[PDB]
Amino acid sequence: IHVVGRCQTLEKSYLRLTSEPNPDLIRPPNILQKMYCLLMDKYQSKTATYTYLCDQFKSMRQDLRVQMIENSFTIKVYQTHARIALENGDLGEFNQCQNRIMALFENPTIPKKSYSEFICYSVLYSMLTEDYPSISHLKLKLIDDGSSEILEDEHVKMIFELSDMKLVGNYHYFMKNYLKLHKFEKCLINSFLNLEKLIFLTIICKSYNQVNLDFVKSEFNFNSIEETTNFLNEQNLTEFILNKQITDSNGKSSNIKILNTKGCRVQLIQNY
């Protein structure tokens, strides 16, 4: 028999449960649902700290785990904390939620709302953890599950394709496919995008002897050339940004900014 709770106060703070549960402090789902709305209000109006929302969500999550509620409301709470966690950089609570969501999708009684969205988060997190077996074991699961509607969704295909593009260092389409990502997908990529930019920058610098600064700027989706040079200054490469004047046909001239990528080679191989 599952433990049932009757706490009528909407708020509750997280504590790792050491005792056998106290029904007087565990909230029933109707009260957990009334506080979901208040939390959502606060998040939407941005009148609360993420620390505060995360505490309230973990307590909401804890009250569901002791009461054995695995239904559509449960999926809603975990999907909502997962999303908010990604928005604030809390990859640890995202991953706690993501694992539980996937396990709750194994239940046939629970409808698979936003299955493809969280399939995408699973691929993107495995890209961050450098966990390619997981990506492949999940593609194989979808195939053996008969989930062809999900697999031929253009967005899902792109996300799996992105994991392959990182694997073989295709900076050109990976950065070009960064603009196709949904709101929280961008938040997840940002956890490892600096290192990925550095990995892409090494590849460029091992392969050319010099490139335009604009060409570097375009390929890395820098909104302006100032954040382009800040990114090189973050790698101790500012002195390799040289200036060379140009007269292609001896009829007009101008000066362009060059990056001596051959000079950058000596610097960037020291760090990896």
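The first residue of the sequence shown is number 1, and the count goes up from there.
Per the PDB record, of the two stretches 143 to 151 and 114 to 122, 143 to 151 carries the greater mean B-factor over its C-alpha atoms. For the pair 85 to 93 and 69 to 77, the record assigns the higher mean C-alpha temperature factor to 69 to 77. Set against one another, the Cα B-factors of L242, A48, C37, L32 in the record reach their highest point at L242. In this entry, the residue among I203, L237, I225, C54 with the greatest C-alpha B factor is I225. Among the modelled residues of its chain, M60 has a C-alpha B-factor that falls in the lowest third according to the deposited record. When the modelled residues of the chain are ordered by their C-alpha B factor, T129 lands in the lowest third. Per-chain ranking of the deposited C-alpha B factor places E161 in the middle third. In the PDB entry, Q98 places in the lowest third of its chain by CA B-factor.
Among all modelled residues in this chain, the alpha-carbon of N194 has a temperature factor (C-alpha) in the lowest third.
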